[PDB]
Each structure stands twice: as structure tokens, then as C-alpha cells.
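Colleague: whatever this is, show me its structure:
(chains A, B, C, D, E, F, G, H and I)
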Amino acid sequence: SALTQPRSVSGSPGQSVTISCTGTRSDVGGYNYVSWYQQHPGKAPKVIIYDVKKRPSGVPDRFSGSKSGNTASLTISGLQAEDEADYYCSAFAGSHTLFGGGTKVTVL
Amino acid sequence: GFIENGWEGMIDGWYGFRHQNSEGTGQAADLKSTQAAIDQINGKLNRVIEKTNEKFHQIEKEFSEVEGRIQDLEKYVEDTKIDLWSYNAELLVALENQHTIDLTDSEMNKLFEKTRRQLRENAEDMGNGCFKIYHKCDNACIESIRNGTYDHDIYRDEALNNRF
Amino acid sequence: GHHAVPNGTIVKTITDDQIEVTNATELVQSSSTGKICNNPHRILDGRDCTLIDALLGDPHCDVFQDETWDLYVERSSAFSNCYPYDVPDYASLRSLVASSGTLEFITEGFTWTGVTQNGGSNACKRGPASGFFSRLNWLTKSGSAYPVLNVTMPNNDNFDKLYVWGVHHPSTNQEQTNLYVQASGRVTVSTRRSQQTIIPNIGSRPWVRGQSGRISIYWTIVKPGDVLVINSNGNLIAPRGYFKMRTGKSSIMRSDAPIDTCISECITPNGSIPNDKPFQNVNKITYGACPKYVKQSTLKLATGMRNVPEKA
Amino acid sequence: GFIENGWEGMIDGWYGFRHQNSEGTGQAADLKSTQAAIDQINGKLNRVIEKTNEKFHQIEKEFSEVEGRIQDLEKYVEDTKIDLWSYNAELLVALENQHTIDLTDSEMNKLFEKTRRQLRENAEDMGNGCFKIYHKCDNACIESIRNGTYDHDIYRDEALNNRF
Amino acid sequence: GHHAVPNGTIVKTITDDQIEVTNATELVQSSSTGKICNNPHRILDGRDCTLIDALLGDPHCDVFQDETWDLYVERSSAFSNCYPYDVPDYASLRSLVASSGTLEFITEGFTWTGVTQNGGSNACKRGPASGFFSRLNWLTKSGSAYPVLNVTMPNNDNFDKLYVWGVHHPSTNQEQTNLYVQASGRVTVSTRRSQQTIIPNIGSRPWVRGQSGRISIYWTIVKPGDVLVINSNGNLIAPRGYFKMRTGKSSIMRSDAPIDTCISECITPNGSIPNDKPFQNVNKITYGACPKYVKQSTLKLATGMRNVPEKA
Amino acid sequence: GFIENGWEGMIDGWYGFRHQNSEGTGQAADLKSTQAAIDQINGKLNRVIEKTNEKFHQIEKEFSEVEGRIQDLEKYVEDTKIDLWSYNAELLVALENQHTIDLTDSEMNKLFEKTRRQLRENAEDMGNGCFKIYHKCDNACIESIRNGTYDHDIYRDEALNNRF
Amino acid sequence: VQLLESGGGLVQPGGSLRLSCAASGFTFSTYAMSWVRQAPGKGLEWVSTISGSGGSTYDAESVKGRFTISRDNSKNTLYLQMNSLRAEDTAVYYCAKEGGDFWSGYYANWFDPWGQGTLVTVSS
Amino acid sequence: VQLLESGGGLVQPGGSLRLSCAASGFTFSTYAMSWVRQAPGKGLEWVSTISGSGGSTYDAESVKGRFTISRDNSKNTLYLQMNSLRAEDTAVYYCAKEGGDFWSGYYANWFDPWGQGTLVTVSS
Amino acid sequence: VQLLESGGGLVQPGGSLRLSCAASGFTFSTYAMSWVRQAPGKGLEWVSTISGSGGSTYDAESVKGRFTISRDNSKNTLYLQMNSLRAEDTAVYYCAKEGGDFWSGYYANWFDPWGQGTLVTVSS
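Modeller: Numbers count the residues shown, from 1 in each chain, chains lettered A, B, ... in the order given. Next up is the structure itself:
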């Protein structure tokens, strides 16, 4: 099977956007290896949040991640034009890695 | 308490199996048990590492002249603060280390316990952390043991005969 | 079975002092780069003047006027080159100004009648001519009289004003009657809630830059809606204005480390230390987000299992 | 580690059994194991709750005017005291919680271990936390398992035949 | 198998930040009722006067005379309506009297010869007529002389006596010679072990209730078997007696919360908080049996097991 | 959890065995398990006992006269220091005691687990901490159980017949 | 760090193809590697991963018996072999590196650097 | 909180009797309930207890096969049924409530409120 | 504390000998005791040990079936019996006391007091 993600989320600039990645008890609730990737059109994905609430070196502090049971949330603060892309969530399921459907963020 | 060694050469994980069937000796590594142990150790490290101490203006701790009560009280306060935090540093390290050892020894027994239940009356514990399967196991049968899809009924009749 | 490594690390636990583990991480930062970084915090290098000298207006650090900071770095080579002075509470004035974080001075219009202003001494040589502290005004007799000064300056703003004034203790009685007129002077500076009265003391003192007399520096804080009255019949180093007082994250540090260009969250007199670790042993004096100070030289956290080479 | 679920609908205790014999499905709750866990959790709470801090006259912690060394030292002392007690509050909660999880998982294994020893060679572990009894059990036989008065010899001959 | 609940609670542990449990209890008290209870402790409401004003005998709070307490609640609306005054150590006198717990005053027989007693000022209007602090005695010249006062008062009791006296700093030299006679006054109050000499300072000060002068309040403690000698040739606000000194559980608190009728063991400036919990976040200022102060907003203790819904 | 008593009269160690064979009742004490428990308890005591507090000149803690802020601050600092160290003393004792109880209970299960693996399918658990050996054991056979040199194959055929 | 993919091209259904990912800028024998594919217009799908020594290989169920993974730590190149190709295998294949530095070499919990990708297509 | 007992009376040996305890003032379905008897002049003896949902019933050995317990959480009434009555069953029967508020509904560790009691007597 | 050894002498190979160690100055029934031998010019070799009650005896492999140990806690004397003596048994035999005071009476972890030793020799 696969992780569940909303088709699209839209928000006006300066607002906050939350993306939900709902998984099972072996995928998201069994581990803390949830990751979030941002894919601009026609480009390879880049990491924004590795391990539930950690950021790489070179990512704005606007992006934040959290976990609540079996659902993992990514919060984009100060939404602006360069944040319009497809966002995917990854999880570890014991013997494989699962990827989300993909949420497309549109800035009004 | 039954494993009395550590397999140097196990370089694809923290836990795993090795077997000697008719085909030959093999080696494999478990991944569900390894990442469970690493995640818990990783979570422990993050909780210790968090930076929540932010101090800007504090009292003066080094003195050039010699004064009386006020200077001595300032030295007493800082010495008291250092000893208390030094004790907290020792106990925290000692506590989290003993939990890490117990966490890692438990994950090995958990893997051993679940492999024992999988071979329901088809294998015998041999003291050390190894089972004796009383039926012909090929490479596929050993793989099903690691996967979790070992059917104990197809091999049951021929195993019970060999056992008794 | 489980894995083992050939080169393990010794780690402390409750049961025993040494147990080998596969790997461990140090939890005490015991190293410094030896330099102070200036990117996240504002660092001000007081190369040759102390905070009080910059506050008072020493002739050789007029560069520090109206200078704000997040950390004043004081060097051991700081020296004074003006009229000899003392502060009865040096640590209080140093602490109060350092935490203020601004040497901003707004000159008020002070009317002194019957006295001669802009006095000076050979100790403070501003260029070829004798001078004085730039933020303090020395008052002398005007002809053959020193009228009792009764000046006032009210508060109509919304911030606290810090007034720095002083009393001059001359060496000899002839110097007093030559400078002022009264044999025994008196300086009273009072607000509506607090009063400070100081009678100068006449006597010889050690010889500093040619002057056997001294100056005692005092400070007064006026809250909004308050008023300041300065009354004196002699020996008054009058204030030229007030320094605006602010609260914030500002302190003073005594260090000899040089200042470089990097991004370090905490500053220590031995340099800037990384902030990833929970504890540090470099120094007990710190500024910013940095680990706590512990007596221990090392502290290892076990990121792994036992390391028996060739419950469960 | 073998129970991978929690029976919502177990409303007469924390631990218990459910069976499927020829008569039909049943449900029951254990009481010796439940009260043992509750007593230990209750005893832990009482030790934390005890009120032993009684302070009457202390230093002033809020200041209106701006003073020098004495005011700063007072602020330093109170800040030091708060950070130390805040750290003690976190570690105490973290320690007592991990003991509560371990004390509740242990009580389930203890119940499982004693039920295993009761059915001496008359039942087989089935991976999850359930046994397969190899003889006809009625409601009374299952009750004797929970009571503690299960005679393993009357059913032994017919169980060993079914097993092998 | 074990039980599960549909609505669990998130709890912190060593391994990870969030684990669901069946139930948990909060260990931080983060709420207050907003009111102070008066049943277990004695609460005294200083509505319009501070402790020092009540101690000194302000005209508008004669109600606080001989009043004991277990906690003095000071309100921000407190104001002074007497002769302007200051205390060189305000925090020491406030702390010493508050921990004493009694404003009990026993008037001694003080013989002042050659001076006029019961002085007063228009600043302290007791009714239609000018008055003064009730526990302080103002001494003025008697005709055209101010004889050097040398009074004594020994100790024969078994408790410590607190004497509150003062020195009057007049605004002008004409006021000094009009009130007293000596141009420069002096007040010396000494016991067998400690001495205190204060020379009044003449100068103009801000205008408070018509008076440009001030009064400096001092205190002296006489132990059993000791003796107190008051010597002055001018500027003495003589004491009328002594305050009994006791040790006990008494303090002062600055709050604006109202006082109600209940039974609460601890008092906080934000109100009274329950004492069942181990930690609290309401306020760092507390009186009595109440939880410790922590920075944390919440702290949950797990009274239950893991809550996996549908070692062992 | 199966041993529900303590053998008073076991005076040559902390753990051991007693048997009832055809020759007669006997008693013996284990020494590897006893010294392992004592060493760990001894190591715990040494770590607690270490003397690392050496203070020479400190502030004054008793006062004869009555002063103001400075005297109160000194009393506040010492009271704060005492409460913090008193709390550390309670938690340290409570933590090290609970570790001593678990350690000692674990060492008994470890001895029981290794004796169970030694009698591979020649004995069955009898609920309490005792085995039923299904073959004729003399004194030498029981000694080999304690030594660690018990050959489970020589007695296997006659044990399996008695068991079934 | 730089990962360069190669081998993408058109292959008939039931054919075979071999993809190579050349990696430079890091110790290749320390970090785990993975292949991740994204169908045109659809989301991301995990394919395979390999350990640091190459002894442990993990595959997805829709790929398990068909595609295999390998490494040559001497040449610092990661290889994926396609054996039986179906109509649903048309996607852009990326080679990724385990971005973690905590016991790296076992599994890829997250993928810090990604390649530009090579597109494979199957058709008549 | 108020517990009212009823049903006490004279019954011949070997007879039957039904006692009802009406409880008001608290959530009846949350707290466990118990029956405790005291023989005239002698001490207190526990009889039975019941869980919050009524699914778990616990009886004393001298009562086990004879007396049963029940609840009707809708009617907030606790029922005890006597089936075979002996000469030693003459006592005053109290209905008690679990006084604890810590995981209440499993067993009665202590009995905070007690009823006034109903006296049952057996004789010729 | 004082340990005095006796019984040393010349014995033919295959003979027997009995060594007694009289101990005074401490509670003999509390502390474990041991025999340690040192061949002339060579190092120290452990022989046997005995518990406080005498019920537990431990012997070395080169001594196991030949030499036995015993106590008489009433007489405060420690006895070692030699049954079959070989040419390699010529050494100086010391009687030692468990020097520890932590759960003493089980085994001798270290030997605080030692006797002066008795020399036994075997020859033709």
C-alpha cells in the first residue's frame, strides 16, 4: 500500500500551510524516520525535513515538521512564491521505504 | 545471556543470522531490529543535545582586588552552581548509558524470542544463540525464517520424526 | 548474533567505570578556536579604554561616543589618560552601563550662573592644550565668587535618564580657595525620591599625571515624570547631559582573544565555542547560547552496544 | 513483544483472557495482575506528590529601581535555582514514565509466563499472545486456567496424542 | 492481552518525546483562582500605606498601629502623605520589620531638656492642623537655644528593641538657624557595640507637599543587657519608644489580588494556588506550602500503559 | 516470578540448587552467579562513596545580629543548596536500590535460563523454580548440571520414553 | 557530492537495460544508496537500496523478482539491472545517497543528494 | 451519595431472598460495589463485589455457589440474590461503594459510603 | 590476626600428609580460607578454598581428586589433607584468610594475612 496525502493545499502569501501524511503503525508510528522532499517542476527532489523535526544545512527555518501518532505534519510558514512545488513524504516500513502520493502547494 | 561473542564481519546491520545447511554456510543481517535500536539511540541523543540555556548578563566570576562578603558570596554561588550541574552531568550520562546497554541486549533477545516462536516444535535451542532445525532446510527455507513467512506445518511431520 | 567492532570506546555506567562500546560521542566541549566571532552578536572592542572611561569621555577614546553593543570586550591593556578619579561603586556603574547597551548622550541645556565652565587640567591633554572629560563639565569661580548653584532639569520623556556627575577633592586648602572660594564645599544631587550628598575631603594623595587630587564619580537615574535638582556651593564636576538607558541582551566581557569573522552563538574569554554539545569545560564566563559548565574533562554517551569481540 | 494490539472492550481490568472453545467465544479479566500494576503506579504517584517545601521569608525577586551588584546577584541566584529545579522536573518525569511502561509490559509477560507453565506440554505458543490447547476444553477448564487450579495430568494423555 | 482506550494522552520519556498512554496526570499547576485566602495564614491588606509608612506612623493609616500579620500584602496604589523622607537602606528595614511580624510600639519616657517637642509640618495634616509621624518626635529650639542632648535608655527586658529615629536635612541655612541654632548639626546614636553618626546636609531638593527638605530614617537594635545613648546638637527626629522584635513565619508580598474567604496553604501575587501538585508555573514569589517553580508549562506522569489500539 | 520463597539455610552463596534423587536430598550453592551479583553491587557502592567535595573557605551560615539584604541572601543561597542536594540524595538512593533489586532478580532468571537449556528436552518446568528430570540422576549427574558439563544425549532416549 | 546517471533509453517490453550512477565527492563505501523512480506526471516510488558493503540488498514488491541492484566500490559506481520490463516501468530513475552520518551503511532513511535522473521508456 | 438497602426479612432455611440497594448521588456505572455482612455481635465478613460494567463478579468461598450479585446500571440499583440459605447466614447486610477515584470500576479496595443495612434472619 | 601452619615434612611419593593451620584473632566462622602453594624458586599456585560454614569446597584441577580441605570452626583450625603425592607437589604451603568484609564467607577474592608457610617435600 502507500501513504495518504492531500491532492493540493493552497494558501495566501504570509500564511501557514500544513500537509498531512497519514500512515499505519509500522510506517510512521513505529519509527521516527519520516522525511519530506520538495520537487520543483522538472527538477530532482530536495530535502526540507529529515527525521520528524530536523532540517539540513541550507533550508529556511520557516519549514517545520511534527508527528502526532500515525500522522506526520509539515508546516510551511511565511508562504511565498518560491515555495510553490510538489511536496512528498517518506517513511520507513520495516523492510521497505514508502513514499506519499504528493501534495501540490499553490500560493495565492 | 546465551550469546557469548560478537560477530566481527557483520557489516550490514547490528543483528542477524548465519546458518549451515546442506547447501553451505551463509550470512545475513536483520534490518527491522537494527533500525529499532538505532532509532531509540538516536532519539535519546536528540533529547540530551537540545540547547535551552541562553544567558546574556550574569554576575562577575573573576576578581582582581580582594573584597569581603559580597565577593565571597559571588564565589560561593558559582561554585554551588558548578557542582550541582557537574553532578547532573555524571548521573545523566550514567543513566542513559545503562539504558543503552539494556536496550541493545533486549533487542537481541526479542529477535531470538520471535525466531523461537516461528519454529514451533521444529527446532531445539542449543544453549548458545543457535537453533537446530530437525528437517532439511534449503536457502529458501532459511530466507522465510528471516522474512517472517515460515510455515511450520509443512515441515512438521518430518521434524517431529527426527526429534523423536 | 550481533556485531562487534575492533576499536571500541570506554564508557562509564552505574555498575562499573569502564565498559567497551562500539561507539560513543563526547558530551563536553573542551576546545576553543581562540578567536571571537562577530556575526550573530555585535562585538565592540575596547582596545585601550574601559567602559567607564568611554562613558566619562576620556580624550583618547572619543571614537566610542554614541556606540551601541551586544558585548563589550575589555582588554587588560586598557589605561587611563585623564584626571585621576575613582568610583565608590565601580562594579555597579560598570554593570548598569554594560547592560544598558548604549553610550548615547543627549546634551541638555544647563544654566550655571556665576561660575566659569569648561575647566581642564594638564593631566587630560586633548591635543596640545589641556582638557577634560568630554561628558563632564568642570566649574570654577567667576572672578572672586562661587554662587550657590541651584539648577533643575525635569523629565518629560518616556525613558530613564542616567546622569553622571562628580565631586573634586583638591589636594591642598590653597587649591580649594584658588579654584572655588568656600573652604568646605558641598554637592547635593537629589530627585523626588532619592538624595545623594557628598562633602569633598581635602588631603594629599599619590601623584598621578601631575595631579595630587582626585574626582569621585557618581550616577543618578531619573524616571519619567521625575525631576533632578543639583545644588552645590563648591567642588562640582557638573554633568553635560544624560545617557539614554535601555534594557536588553548586553554585557561586558574581559578577554584578550582577537575578533574574527564567523558565526558562533556563544562567546567565551578563551574564544568562541561550538554550541552543539550539552556541556563545556572551556570557561565559566559565557555569553549567549552555549553549553553549561562542568568540572569534568570528558563525558561519553554510548551510541551502541557492548563490544565483546571474537537478556542476550 | 508478541502482543501487537490492545483489546478495546476490556473494561473490567487491565489484563485478561479471551478464548474460543467448542462452547463459544468468551472474555474474562485478570485481577491479581491488574491490581499489582495499579498499586505500583499508585505508590509511584504518592512519592512524587508529597509536599515538603515550606518557605516563608525569602529574598525579593522583582525590582522596580535599577541597582548594581546586589540586585544582579539576587537575579542570578533565582535564575540558577529555577533552571536546576526545571531540569530535575524533566528528568523525574522522564524516568518515572519509562519505569511505568516497563512495569506494565513486564506484568503482561509475567501473566503469560505463568499461564505457559500451567499448561505443561498441553499447549503450544502460537507466536502472538495465545495458546493452542490440544484437548477439549469446556468453560470450566478455561476457568481453572484463570483460577490457578489447572491439573495438567488428566488432560495430558489426550493432549500428547493430538500434538504428535 | 491487555486493554486499550480510544482517547489516550501524549507523554514524554527517555527514548522519545511522544508516547500515547491510557491516562496521565498533570504535575504542573498553571492556574490561579485570582484571589488570596485568609483562613490558614493571617493576611493584612496594606491598601494605601506601605510597611514603612505604617511603621513610621503616617497620618492616614493610624489603623495599622499594633497590628500583627503573617503576610503583609502591599498594593501598588500605596502613597505617602507626610513629610518627605528617605531610608538609606530601604530594603533592609522593610525586610527586618516584615519578618518581625508585629508593629507593636511601647512608648518609653524620654527626657529631652531645653528643646520643644511635638513638632510638625503642613505636609502631614492630621485633621485640620499640621502634624507629623506618630512614632517620631520632632525636636526644635526652646527660645533661643538647642542644648546638646545626651539621653540614655537601658535594656532590662529579654527581647530586642528596634528604635527608629531620623535626621532632618533642611533646605536652607536660614531654616536650620530658625529651627535649630547650630549652623552645622550632628546626630550620634550608639549602643555598647555599634555606633552611627550622621551629619545633616543642607541643600535644596525637589518640592514634595510644600517641603524642600527631607528626613533620613535610621534604625538601631538594642539586645538584652545593652544600652542606647542618643547624642545630638541639632537635626534630630527623636524616637518615641521601641518596637517589639519577634522571629517567626512572616513576610511581605506585593500583590493586587483581592482577599477572599477560603483555605489555601500558599499565597502567590497572582492569587492562591492549590498545593496538591509538585510543581507550579504561576509565579516565582510564593508564601507557604506550595509547589516549586519550573519553567515548564506542562508535565504529565503516565498512570497507565501504552495505548496501542485495534517484554510483552 | 516463579520462586516464591527464600531458602534460609543457604549460607555458602546467594544462589544455588537443591535436589531430591534416589540417593537422597542434597544442597549446593552456585558461585559464578553469586560473585557476579556481589561484584556489581560492590562496584555501585564504590561509585557512590567517592569523596570529591573539598571546600575550605565558604560564606558564613550562622548569624548573631540582624542585618538586611546581605544576610537574607546568604540564608537563601544555603537553603537552596541544601534542598537541591537533599533531593539528589533521595533520587540517587531510590534509583540505585531499584537497580539492585532488578539485577538480583535477573541473576536468578539467568541461572534458571541456563539450567533449562542444559537439560534439552530431558526435563520439564514445574511452575516453581524446579525441574523434573525424567531419567535416573545420581549425585554425579546433578554435579555435572552445576559444573556445566551435562551431556544431554546419553540420557536422551530414556528421558523421552518416560516423558511420553 | 555529485551523482550522475546513465543508461536511460528506449527498450522493448520484456527487454533488459543497465543503469549506472557514477558518484564522486564522498566515500562511496560508507553510505547506502538507493534507486527511486517517478512516473511521468505521477508521484515518487521507491525501487531498491543497497548497503555500504553491497552484501544487503532490498527491493520493492513490484520490482522484487525483476530488477536487481549492485555496487562496485572500487569504481565508485552504482548499478541497477533491469531484466523483465513491463509497460508500467516507464519512469525517470534517480540514484540517491543516504544523507545521514549516524551508523551510515545499513539503510537509506533519507536521501540528501539526488541525481538529475535518467528516463527509460518501453513501447512497441 | 446515599445507599438504601431493602429486602431484609425472615426466610426459612433453604429458602431464597433478593436484596436491592438503590444508589443515588454518583455515576453508578463508574464505581465498583460490594456486599458486606456482619453477624449479630460478631465481626465484619466480605460477601461479594462487582465491577463497573457488571461483567466481573467476585464471591467469597462461604458464599460462592449460593449467593450471586448483579447490577442494573440503568436503574442505578445493586442486587444480591440468595439461593440456598443456612443458619450461619443471619447477619446485617450492607451495600458499599468503591471510594477510590483511581481507575475505579475494577475492584473495591476500600468502601467509603455504607448503607444503614438490612437484617436477614433464618429460623424454623 | 595470626595464622600458624604445621605438618610440613618429608613424605615418600604416593604417601599422605595432613597440614593444620591454627588461626587466632578473628571470628573463624565468618571468613573463607584458602591454601596457596609456591614451588621453590617458581611462582604462586592456588590450591583450594573453603567457605565459612565449610559446606562449599573448591579445588584446583591439578589437585582436584587428590587433596581435600576441611575446617573445624570449634577449634579454629584449617586442615588440608594430602592423599596421593607426586613429585610436583614439593612446595611451600601457605594458609590465607579472606581479607574482605563484604559478604565474607563465600569465596576468597583476596588474601590479606598469610602464614609463614610449611614446606613439604617428596623424594626417594
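
Colleague: which parts of chain B sit against chain E?
Modeller: By the rule Cβ under 8 Å from any Cβ of the partner chain, the part of chain B lying against chain E is B:40, B:43-44, B:47, B:96, B:99, B:103, B:106, B:109-110. No exception for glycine: its C-beta is placed from N, CA and C like everyone else's.

Colleague: could you redo the last one with a cut-off of 6 Å?
Modeller: For chain B, the contact set with chain E under Cβ under 6 Å from any Cβ of the partner chain comprises B:40, B:43.

Colleague: name the residue of chain B that lies nearest to chain G.
Modeller: Nearest residue of chain B to chain G, counting by Cβ to the nearest Cβ: residue B:12, 3.9 Å away.

Colleague: surely that residue meets residue G:50?
Modeller: No. Using Cβ atoms under 6 Å as the test, residue B:12 is too far from residue G:50 to be in contact (9.5 Å).

Colleague: distance check, the residue of chain B closest to chain G against chain A.
Modeller: From residue B:12 over to chain A the distance is 14 Å, taken as Cβ to the nearest Cβ, to the nearest Å.

Colleague: so does stretch C:143-155 get close to chain E?
Modeller: Yes. Using Cβ under 6 Å from any Cβ, stretch C:143-155 comes into contact with chain E via residue C:150.

Colleague: quick check: closest non-adjacent residue to the residue positioned nearest the centre of chain G.
Modeller: Centroid-nearest residue in chain G: residue G:35, 2.5 Å away (criterion: Cα atoms, centre = their mean). Among residues not flanking residue G:35 along the chain, residue G:47 sits closest, at 4.1 Å (Cβ to Cβ, 6 or more residues apart in numbering or on different chains).

Colleague: look up phi and psi at the one you found.
Modeller: Main-chain torsions, residue G:47, degrees, to the nearest 10: phi -110, psi -60.

Colleague: from residue A:26, how far off is it?
Modeller: Here residue G:47 is placed at a distance of 20 Å from residue A:26 (Cβ to Cβ, to the nearest Å).

Colleague: which of those two has more neighbours?
Modeller: Shown here are residue G:47 and residue A:26; by other Cβ atoms under 10 Å in any protein chain shown, residue G:47 has more neighbours (22 against 17).

Colleague: isn't the more buried one up against residue G:63?
Modeller: Yes. The criterion here is Cβ under 6 Å, and residue G:47 meets it with residue G:63 at 5.5 Å.

Colleague: give the contact list for the residue of chain A most remote from its centre.
Modeller: Centroid-distance maximum for chain A: residue A:95 at 21.4 Å, with Cα atoms, centre = their mean. Going by Cβ atoms under 6 Å, 6 or more residues apart in numbering or on different chains, residue A:95 touches no other residue.

Colleague: what's the burial count for residue A:1?
Modeller: Residue A:1, neighbours per other Cβ under 10 Å, totals 8.

Colleague: could you dump stretch G:114-124 to PDB, C-alpha only?
Modeller: Provided in PDB are the C-alpha atoms of stretch G:114-124 (Å, rounded to 0.1, in the frame of the first residue of the first chain):
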ATOM      1  CA  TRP G 114      19.800  13.200  -5.900                       C
ATOM      2  CA  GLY G 115      20.800  12.800  -9.500                       C
ATOM      3  CA  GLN G 116      19.300  14.600 -12.400                       C
ATOM      4  CA  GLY G 117      17.700  11.300 -13.400                       C
ATOM      5  CA  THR G 118      17.600   9.100 -16.500                       C
ATOM      6  CA  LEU G 119      14.400   8.400 -18.300                       C
ATOM      7  CA  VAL G 120      13.600   4.800 -19.500                       C
ATOM      8  CA  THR G 121      10.700   4.200 -21.800                       C
ATOM      9  CA  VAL G 122       9.000   1.000 -23.000                       C
ATOM     10  CA  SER G 123       6.800   0.800 -26.100                       C
ATOM     11  CA  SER G 124       6.200  -1.100 -29.300                       C
END
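
Colleague: neighbouring contacts of that stretch?
Modeller: Contacts for stretch G:114-124 (Cβ under 6 Å, 6+ apart): A:44-45, G:3, G:5, G:8, G:10-11, G:13, G:85, G:87, G:90, G:92-96.

Colleague: what does stretch B:127-142 give?
Modeller: For stretch B:127-142, the external contacting residues (Cβ under 6 Å, 6+ apart) are B:2-3, B:19, B:21, B:23, B:123-124, B:126, B:155, B:158-159, B:162-163, C:1, F:117.

Colleague: measure that stretch end to end?
Modeller: Using Cα to Cα, to the nearest Å, the end-to-end distance of stretch B:127-142 comes to 20 Å.

Colleague: what residues of stretch B:4-19 count as buried?
Modeller: B:6-7, B:10-17, B:19 (16 or more other Cβ atoms under 10 Å in any protein chain shown).

Colleague: run the chain-centre distance for it.
Modeller: Chain-centre distance of stretch B:4-19: 13 Å, with Cα atoms, centre = their mean, to the nearest Å.

Colleague: one more: stretch B:91-110?
Modeller: Relative to its chain's centre, stretch B:91-110 lies at 7 Å (Cα atoms, centre = their mean).

Colleague: check stretch G:69-83 too.
Modeller: What separates the centre of stretch G:69-83 from the centre of its chain is 9 Å, taken as Cα atoms, centre = their mean.

Colleague: residues contacting it, please?
Modeller: Outside stretch G:69-83, the residues that reach it (Cβ under 6 Å, 6+ apart) are G:16-23, G:28-29, G:33, G:35, G:48, G:50, G:54, G:57, G:66-68, G:95.

Colleague: now do stretch B:9-29
Modeller: Contacts of stretch B:9-29 (Cβ under 6 Å, 6+ apart): B:30-31, B:33-34, B:37, B:111, B:137, B:139, B:142, B:146, C:2-3, G:51, G:53, G:55-56, G:106.

Colleague: buried members of those residues into ChimeraX, please.
Modeller: Only the buried members of the contacts of stretch B:9-29 end up in this ChimeraX selection, burial being decided by 16+ other Cβ under 10 Å:
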select /B:30,31,33,34,37,111,137,142,146 /C:2,3 /G:51,53,56,106
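
Colleague: and the contacts of stretch B:9-29, which of them are in strands?
Modeller: The strands, defined by DSSP state E, take in residue B:30 from these.

Colleague: if we go by neighbour counts, what in stretch C:167-187 is buried?
Modeller: Applying a neighbour-count criterion of 16+ other Cβ under 10 Å, one finds C:167-171, C:176, C:179-181, C:185-187 buried in stretch C:167-187.

Colleague: I figured the residue nearest to the centre of chain G was touching residue G:48, is that so?
Modeller: Yes. With contact taken as Cβ under 6 Å, residue G:35 and residue G:48 are classed as touching, separated by 4.9 Å.

Colleague: and for the two, which residues touch both?
Modeller: With contacts taken as Cβ under 6 Å, 6+ apart, residue G:35 and residue G:48 have no neighbour in common.

Colleague: my read is residue A:104 is in a strand, agree?
Modeller: Yes. According to DSSP: H, G, I helix; E, B strand; the rest coil, residue A:104 belongs to a strand.

Colleague: any idea how far it is from residue H:12?
Modeller: Per Cβ to Cβ, residue A:104 is found 84 Å from residue H:12.

Colleague: point me to the residue of chain C nearest chain H.
Modeller: In chain C, no residue comes nearer to chain H than residue C:311, which is 31.4 Å away by Cβ to the nearest Cβ.

Colleague: same check on chain G?
Modeller: Nearest residue of chain G to chain H, counting by Cβ to the nearest Cβ: residue G:109, 39.2 Å away.

Colleague: where does residue 72 fall, phi/psi-wise?
Modeller: All of this refers to chain A. Taking degrees, to the nearest 10 as the convention, residue A:72 sits at phi -110, psi 140.

Colleague: looking at chain G here, not the other one
Modeller: The phi/psi pair for residue G:72 (degrees, to the nearest 10) is phi -130, psi 90.

Colleague: just the strands in chain A please.
Modeller: For chain A, strands defined by DSSP E occupy the ranges A:8-11, A:16-22, A:35-39, A:46-49, A:64-68, A:71-77, A:86-92, A:97-99, A:103-107.
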